[PDB]
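These notes concern the structure reproduced below.
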Amino acid sequence: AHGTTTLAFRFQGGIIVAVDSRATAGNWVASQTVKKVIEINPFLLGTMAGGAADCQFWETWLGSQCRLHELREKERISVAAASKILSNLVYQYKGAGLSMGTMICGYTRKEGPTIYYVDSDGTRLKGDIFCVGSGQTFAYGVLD
Amino acid sequence: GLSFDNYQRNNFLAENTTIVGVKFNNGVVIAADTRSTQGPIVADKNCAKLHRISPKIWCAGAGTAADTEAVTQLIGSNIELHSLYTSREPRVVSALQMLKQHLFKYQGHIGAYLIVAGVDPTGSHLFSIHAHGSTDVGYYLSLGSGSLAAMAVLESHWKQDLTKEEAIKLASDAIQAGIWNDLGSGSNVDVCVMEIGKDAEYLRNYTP
Amino acid sequence: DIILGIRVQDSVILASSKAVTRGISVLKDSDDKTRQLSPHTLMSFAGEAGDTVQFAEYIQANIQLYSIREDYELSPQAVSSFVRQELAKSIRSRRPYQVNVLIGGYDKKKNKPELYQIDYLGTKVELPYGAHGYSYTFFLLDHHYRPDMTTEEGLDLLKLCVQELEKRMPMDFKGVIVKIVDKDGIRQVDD
Amino acid sequence: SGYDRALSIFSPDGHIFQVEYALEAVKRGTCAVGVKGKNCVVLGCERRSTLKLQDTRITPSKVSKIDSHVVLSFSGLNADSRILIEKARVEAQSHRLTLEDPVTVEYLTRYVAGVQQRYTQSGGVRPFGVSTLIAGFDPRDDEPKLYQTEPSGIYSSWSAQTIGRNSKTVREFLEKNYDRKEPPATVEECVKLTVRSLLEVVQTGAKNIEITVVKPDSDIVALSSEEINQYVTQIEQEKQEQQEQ
Amino acid sequence: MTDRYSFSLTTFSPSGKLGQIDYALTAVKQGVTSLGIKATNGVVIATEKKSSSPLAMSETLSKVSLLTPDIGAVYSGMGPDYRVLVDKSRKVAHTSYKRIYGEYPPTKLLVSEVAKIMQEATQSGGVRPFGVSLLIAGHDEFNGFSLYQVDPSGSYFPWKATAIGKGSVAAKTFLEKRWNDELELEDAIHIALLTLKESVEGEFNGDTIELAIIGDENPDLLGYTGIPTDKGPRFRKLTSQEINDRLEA
Amino acid sequence: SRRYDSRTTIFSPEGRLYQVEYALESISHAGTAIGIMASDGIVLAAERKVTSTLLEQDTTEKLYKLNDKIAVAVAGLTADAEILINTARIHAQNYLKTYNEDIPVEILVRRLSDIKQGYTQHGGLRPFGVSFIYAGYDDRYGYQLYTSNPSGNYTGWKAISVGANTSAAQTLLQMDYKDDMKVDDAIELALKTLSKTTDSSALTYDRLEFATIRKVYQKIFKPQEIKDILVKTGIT
Amino acid sequence: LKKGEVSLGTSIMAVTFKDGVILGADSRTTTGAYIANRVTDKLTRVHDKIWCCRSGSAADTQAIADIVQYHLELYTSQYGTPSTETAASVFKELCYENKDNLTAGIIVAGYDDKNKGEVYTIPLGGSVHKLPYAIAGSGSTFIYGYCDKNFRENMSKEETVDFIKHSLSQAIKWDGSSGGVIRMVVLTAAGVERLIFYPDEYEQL
Amino acid sequence: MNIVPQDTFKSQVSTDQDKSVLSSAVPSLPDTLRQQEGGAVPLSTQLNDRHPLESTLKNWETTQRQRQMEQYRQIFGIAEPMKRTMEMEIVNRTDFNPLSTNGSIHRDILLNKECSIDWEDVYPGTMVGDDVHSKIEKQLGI
Amino acid sequence: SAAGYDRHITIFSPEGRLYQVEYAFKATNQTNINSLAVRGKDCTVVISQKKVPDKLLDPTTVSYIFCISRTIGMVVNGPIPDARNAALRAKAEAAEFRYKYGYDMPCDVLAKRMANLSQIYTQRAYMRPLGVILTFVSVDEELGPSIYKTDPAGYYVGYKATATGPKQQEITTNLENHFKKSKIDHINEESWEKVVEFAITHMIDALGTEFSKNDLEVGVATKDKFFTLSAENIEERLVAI
Amino acid sequence: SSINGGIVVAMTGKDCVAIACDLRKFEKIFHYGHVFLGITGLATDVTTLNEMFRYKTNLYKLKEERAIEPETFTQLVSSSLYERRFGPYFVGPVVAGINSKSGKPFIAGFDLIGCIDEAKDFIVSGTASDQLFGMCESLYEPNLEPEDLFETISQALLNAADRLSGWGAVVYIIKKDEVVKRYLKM
């Protein structure tokens, strides 16, 4: 996945997620624009920042898990629960070869707006502002 | 059974005698030296190395000492149970088979090298046993770091017609050569004599 | 990751630093190196990412289950022994991972504070002092420690240790979170 | 007839009789009652009169805390309830570990009902002769939850429910004296209603009644004998004043 | 599946009794008489040999078995169950004790292992209880001499003297009238012979009764010499000639 | 009924478990055991049922040691009791190994009761059919006395009896128990109750097992001590 | 080949002749340059008239030979005397199915009234080959020419004895891991014959 | 006809490969609390850095038994291995002793190990589990 | 007969008996033939009665004598299917013993092994005993001539001589009288042919009415081999006194 | 906090034994009745072995109804160590005691997989290379009275200490009747 800058923060009534869409050309022509952020649900988003296949596959799988949970409990899943599911899954395969760093961003009635960061090492960090990319110090300084 | 726990932990932490057996016309003799060394230091100047699988089947070992002791004791328990089960005196071939299969199962990871002598209703028997599970028959055998001097002595004065006294003298002389010429061997000479139709005679500190 | 523990006459003081995982610009207000095992027993941990948090949460779940089952609170000594057993059991069939744990409690039955340190191999030591992470502080602690210190004197000693440590940290040493465990429970020092 | 010898047999009219027999076993246990208030839940239990030589300080209570916000009472075989309660507590801790969120009341009720159903699926096992009442509040929520579970694995949601011995009289009393349009708006009203419901079957009085109160933000309180005695005396005084007129 | 289990073969009767254990006790009571007498210097264990036909060689089948060099056992009931339990006891003496502590177990612990094995057969879904009763005599350093009786249910008790089998009540009375705290091993052997004389209907000679003793160490039975600290076996089975000589006297 | 009593995992039409009831009924065929907790200790007494001559009294069928602070009196089948006693000893040692503290009595009692209850819930297992009187001391509750039956239920007591004459013994204990008694008074009361309720001609020393727990040590009385106390109390 | 193990450095020959088969070998076992066993019987019997010689790991071949003897005893209890082909097939199956973990090579010689004397060879790897004669071991490489120049079909017993003696004497002369006495087993319809030849006899050939 | 056990490595992995311990909240993930393994043991760590002899020792007796069954099939027919397997399965299935782990006497007789001892015999060998009910559930399949 | 259970499985009756075991015992006399086993000085002889009433049968395929190993022979009383099952298991047992302990299986040890298997059958509910009686004969290298018998109850014992069948009592009495007369627990003859002739004579005088060469089956065990005789050998033995 | 590593000395007198260990509370000497065990090596393994042997000796006393003798305890330690043949504890254990029935002294040492060395004079563990073994060889004499034995072992430890941090010693003198435990914080 592209090491391009990815930004996420939570101001007062939601989450702003910002990416740079400067795609990299190769021996191909794209029918439409690619997206650096995976749409897990109509309410959940994630970022790739790692191995493209790992992020796509496991975030689609996470969307399936969240859908099944919401069907069972008749309520939207909390962002903490979804991030914990993803973290447990990636930790079960720790050291096997996976590589993925994702930012799970959501907004629920009970929690509010929440951002978590999940890594292929099993890290799971809750936060207010996240900047992950090639050059992220400049963006973090501008935000602060 | 034997555990493999903390194998990875131990790897991570790491990354940071003279024995002889002789055969005479009515039995066998097994002899050994009595020096125990924890490296260059003499831990014990009088240590018994002749071990009893059964009252008339004896053995002496080299290699990993704990492995030798444990394997000898386990085979002794099996031999005792089998002899009770069959109501018959144990045979040397049975102990040989049990030892060979147990050592072959562990693929050489149990470091026991043995000389096994004995008598049974079928006669007198002497065998050598290797840590990987191979065994061999012989009329005279040597083992340990002093085995070459002992084997030279044995090749000097061995013949088909040997009485009990001559066999005892020859085994004692082989152990003596190991004692004098090898740094790992020394001190006393322990002997065990087994005859066809008699009790086993265990002579601790025979010559000295 | 740096963890410090000081036991005084009436309480235990635990100081821990922030994470800064790897080149990720994070603004947050929480302590991710501390789990409350029980109302009078606290645990601080420092080590490899992923494994250490999993182990800490597993220990916390087990202790909460015991508390619910018996309607009773384990002593800090029993908690530390259980933690040592679980840590030694985890690396039973795998490569060991870097982890260091400080357990600070207040035995109500004995009415006294206690502090234990457990390393990555499973070595548990009862101590009046304790530190893990950056490697001098032992000399200063030995020079300025008394078994009968009050809470204020312990906090002053901890401030001295923090000031000494800050002069060698690469200026990214943010606010160290300090917690106190005593007969009234567990609280966090604002300063 | 010959249709009640196993759990895997339907009768010609479509019944499984061993389930009804487990319910019969439940019917012999001491009475339990649960009343849902506007902002609280009250669980009341009937206790057999303590024997003279019995040590009344260490015997387990009739209301057990599964977690800091959920309580459970039972009726039926006392030894099976220990197994069910232990499994419920283990499941609550496992859910907290797996999803960082404590269970909801309905989730725990469904887990208990699942265990009870799973113990009806073999010819070599015996179903639990226990019926349970599970009460609490969802985390960061203020809606009281009360559920009932049965030996077959069926669970239901109630505003007020009684199980156990002579539970029909208590249920009729509750139906007469409880309306969902105007639930009791204070803890005192709910506790008084629970006491009066239990007094219809309890032979002696305040010494055979246990009461636990659950309030939001995980507030679980077990009332002492003196408070229950005060409630009973107040109810008796009101009844005497009514009868005097 | 309906084959992942099997219902219990031993259940409580309405009176509160386990019927299979009682029937095993009846099977024991239909067996041949065996006895044990505990003296100050040893223990005598005796039984009556039986034969389907005179053409059978009674020496091939022995009701007296050495469990350890210092522990022996005798029986009343069904022979194959005896053989199975004796093999198991001989194995357990090594697996549980001698491979751990380097020494043979005391009498009581071996009796406990045998009794646990017998008890596990009364709470099963596919084996009946053992229909046999056990007499175990032994000696150990810290307890001296001991005699135990083990029942089909797995209960065991220590006895000064006891008998099991068809003629157990009369033998028990005869031993009650003929026991004291100062008896010797030879006196115990004589009393055992007299007691067995009252139960054997046929020939009471050395080829129809079987005796063994737990007495003093026999260094002549070790099979090797040279170690003064190696004690010989204390279990010794009397030959037929010795029994005949004692009967003549 | 004969239709609903063959298996342990089947309910009767009235909701009863007949195998459990028969296991409970089997207890009355065992010798009486009495436990009395005083203000400074616990007394366990047991009347041997199968007492007769030629039995080695010096070498215990009813009083057992679980650890240095917990003891048990047994009523019922002794082999099942030995199985459960070995299990309880292993559990106590496991708790000591894990927590470096002595196990509380109630935890051990609950573990054994759970084992019994589980043995009432599998088609291939029959109930144990034993009753235990637990006497223990722990730092949380002090001295405590429990009983457990084959059904898996356990109860705490001040003075309790199990076995052949539970009703009469309980009547006597109710009429004669005081909360402030000492260990000697409890010893006298237990011996008097055993002498009154026994169906034998007289209460001698060879038909008694006696134990005490007091500050903490456990004293398992030898036959000579039993005879001495019998002489002292006037029972003789 | 595991480190510290024992290898079967030897000289093995098996020759079919007019009346049956003969199997011959030397009697030396060496660990490195030290002769661990000066007198070894390498002629292993797996059935009354089915014999073999082994090469490679000593422990692996001993285990395989024990299993083969057990298998042939079961077969005999069921169907009677097996053929040499059956024993060769069992040897081949054992050697091939375990070739990733054991190092074994076998020369099988046999006699039966149907096939009238046969030789099979199973080299390292587990393949089987049927030959009028076979040679194996470290010392065999030095007699590939000589044997190829001196073997005739349907030789008499004495001619076969002389051929085997000469070939094994040359192999002993040139190979360090070979020496001692020559042992031979003659398998015919008349029974089993054992022969031994001493260094003072064959070294003068 | 195998002497040393073969094909001991796993070919596939999944987060639900252990059916005995699965999370009720997320059925596709394992339950870390009820595993009781220290809480920091991912399955991936079990795929590497094992002692080479461990798999050989763990599967040795099964391999010898399979070789014996194959020999019986070759020499005697289908009926002999069928009968041996049926006997062993009946004996193993009728035994349920949650309080003990020792093998039965009849199993030892069938295995021809009445008078044989190995290190498995000498060395036969929490907050959650290890109770009778867990064994009941595992045995009955419920 | 069995009242409730005990008609299917092996559990105790109120009298303390196992009815299925006794019924398996009664099943051993279905074939209605007799066998005799005697010991010589260096041989052991087993003689079994052949009954072939059907004229369509091939007599050479009817046999109740089996060869278990090189030195052990077995004779079975009872139906032939269980006989063949037992024979195959005994062959496997002897071969496995030889593989595991390095020397040949003795007759008494094999008898004990089969008896232990029978004990398994008598104790397990879902297993039935085999309705056969097994007699093993050999010349053991330690114990000399040996005869050992095993029955469905798991009981085994050795014999100086033995007989089994519907008419075993008469042969047993005749053998007992002969051994009383001779005061020797064996037969004092130097060849197995004389022992075979003596066993044939004993069988003839016990059963009565004599027989031809096709009504008999003879197995002989020496120190090296156990072998079954053919019809011509039995004819020679009958002719030679 | 360091802890890893140490030294243990055991010596045999006339009717007494002595066992001593170094010290910086973590102590390397434990007792299971009248049997004493000193362990050198990894702290984790020392704690684990102590807990395991306390477990096993408590079970042994409950079953046998008597305290375990030094010889039987030596065999138990050997078997327990050999159980972990391929994952062994990094420990050097030493056992000291007096046999209750006979009164004879007993000392033994073990390797990490359970090989038993039964020495009649003395046993050194932890570092028997630098100076401790030589000092004990030059200082030990047979058949010493308990006061003489205590002086000899204390002097050996003191001489080893001088060969600079806070160093102490713990010494046990064991006779058939009583056990005397002293400290040497110098």
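Below, read A as the first sequence line, B as the second, and so on, with proteins coming before strands; counting in each chain starts at 1.
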C:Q77 vs C:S81, side chain to side chain contact (heavy atoms under 4.5 Å, CB included): CA-CA, chis, key distance, verdict: CA-CA 6 Å; C:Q77 194 271 163; C:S81 298; 3.4 Å; yes
Worked check of salt bridge (charged side-chain N to carboxylate O under 4.0 Å, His left out) between J:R84 and J:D45: CA-CA 12 Å; J:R84 320 268 289 203; J:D45 289 339; over 6 Å; no
Only pairs under 3.5 Å count here: list side-chain donor-acceptor contacts from residues 170-191 of chain C, not counting sequence neighbours, and write none if there are none.
unit_1 : atom_1 : unit_2 : atom_2 : d
C:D182 : OD1    : C:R187 : NH1    : 3.2
C:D182 : OD2    : C:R187 : NH1    : 3.0

pair J:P93-J:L81: side-chain heavy atoms closer than 4.5 Å: yes
Polar contact flag, side-chain donor to acceptor under 3.5 angstrom, C:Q117-J:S1: no
Sub-4.5 Å side-chain heavy-atom contact between A:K94 and A:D121: yes
Atom NZ of J:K185 with >12 non-hydrogen neighbours under 6.0 angstrom: no
Side-chain heavy-atom pair C:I59, C:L87 within 4.5 angstrom cut-off: no
Within 6.0 Å of CG in C:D148, more than 12 heavy atoms from elsewhere: yes
A:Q136 vs A:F130, side chain to side chain contact (heavy atoms under 4.5 Å, CB included): CA-CA, chis, key distance, verdict: CA-CA 9 Å; A:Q136 87 272 358; A:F130 283 101; over 6 Å; no
Main-chain N/O of J:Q155 paired to J:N159 side chain as donor or acceptor, under 3.5 Å: yes
CG/H:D49: more than 12 non-hydrogen atoms of other groups inside 6.0 Å: no
Side chain to side chain contact (heavy atoms under 4.5 Å, CB included) assessment of C:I103 paired with C:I118: CA-CA 8 Å; C:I103 295 178; C:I118 309 177; 4.2 Å; yes
Within 6.0 Å of CZ in J:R24, more than 12 heavy atoms from elsewhere: yes
J:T44 and C:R84, any side-chain heavy atoms less than 4.5 Å apart: yes
Salt bridge (charged side-chain N to carboxylate O under 4.0 Å, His left out) evaluation trace for A:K126 with D:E100: CA-CA 12 Å; A:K126 189 176 185 175; D:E100 204 188 24; over 6 Å; no
Pairing of J:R163 and J:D130 as salt bridge, 4.0 angstrom limit: no
Whether over 12 other heavy atoms sit under 6.0 Å from C:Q9 CD: yes
Set of side-chain contact (heavy atoms from CB on, under 4.5 Å) partners for C:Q54, sequence neighbours left out: A:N88, A:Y91
Check: J:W167 and J:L157 side chains under 4.5 Å, non-hydrogen atoms: yes
C:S44 side-chain N/O to C:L102 backbone N/O, donor-acceptor pair under 3.5 Å: no
H:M127 vs C:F82 side-chain heavy atoms within contact, under 4.5 Å: yes
Residue that, paired with C:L160, satisfies side chain to side chain contact (heavy atoms under 4.5 Å, CB included) out of C:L155, C:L140, C:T137, C:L141: C:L140
H:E37 and C:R94 ion-paired at < 4.0 Å: no
Student check: side-chain heavy atoms of C:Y97 and C:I91 closer than 4.5 Å: yes
Verdict with supporting geometry, A:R10 and A:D128, salt bridge (charged side-chain N to carboxylate O under 4.0 Å, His left out): CA-CA 6 Å; A:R10 165 229 310 173; A:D128 296 326; 3.1 Å; yes
Ionic contact status for J:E51 with J:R54, cut-off 4.0 Å: no
Closest non-hydrogen atom pair between A:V118 and A:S83, with its separation: CG2-O, 3.9 Å
J:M186 CE: over 12 foreign heavy atoms closer than 6.0 Å: no
Charged tip of J:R182 within 45° of J:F150 ring normal and under 6.0 Å: yes
Donor-acceptor pair between H:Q36 and C:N62 side chains, under 3.5 angstrom: yes
Student check: side-chain heavy atoms of B:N11 and C:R95 closer than 4.5 Å: no
Over 12 non-hydrogen atoms of neighbours within 6.0 angstrom of NE2 in J:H31: no
Intermediate values then yes/no, salt bridge (charged side-chain N to carboxylate O under 4.0 Å, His left out), C:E57 and A:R124: CA-CA 13 Å; C:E57 291 177 329; A:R124 175 178 170 270; 5.2 Å; no
Ring pair (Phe, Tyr, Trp, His ring centres under 6.0 Å) partners of A:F138, counting only residues at least two apart: none
